[PDB]
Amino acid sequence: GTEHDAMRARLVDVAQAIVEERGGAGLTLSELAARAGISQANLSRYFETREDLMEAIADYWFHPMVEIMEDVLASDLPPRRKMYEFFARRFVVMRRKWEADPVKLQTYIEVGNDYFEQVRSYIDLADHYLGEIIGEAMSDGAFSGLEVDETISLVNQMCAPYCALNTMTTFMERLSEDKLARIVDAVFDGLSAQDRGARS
């Protein structure tokens, strides 16, 4: 029932942790069982085959980040607050991983990129949710003259170190919640279709 599905989700979480510890390859049903405190026979009740475990870890890889985005969009926060939290909450989790072990963040990025369907789905879903925020912001009068698609691109290009994991890795020591707050304020109060002299 729900206790079974709660346990399966808990096992997938332990499996993701082992993958990160090992630097990618080396996950076995043997070690998962040993780490989870269950037997190999009991583990097969949750993962019938090794392949099912491998599928589960791939499907769950970016799920924690998806949940964070879903929670932010489901909140009652105004668009500016939503945009900040949309990036900030994910940044905080990734920074924590890097603070504990920079190699675990490296592994997280490397493994994630090998999961074709999942990483592409995640990136696409992220843009979809960013669009929902931008659309509401526009009804409030922000981003005057811009289309949602071009604004999604502009925001992704202005917030890259707080979102794109390879950029985040490069900039990590210089990143902060204080700086991201400044950026989001600058996006909201500075981004529009009105040419203001950058080129003329």
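Residue numbers here begin at 1 and follow the sequence given.
- Ranked by Cα temperature factor within the chain, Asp124 sits in the lowest third according to the deposited record.
- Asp149: CA B factor lies in the highest third for its chain, per the PDB record.
- The PDB entry assigns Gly37 a C-alpha temperature factor belonging to the highest third of its chain's modelled residues.
- When the modelled residues of the chain are ordered by C-alpha B-factor, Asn166 sits in the highest third.
- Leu73 sits in the middle third of its chain by CA B factor, as recorded in the PDB entry.
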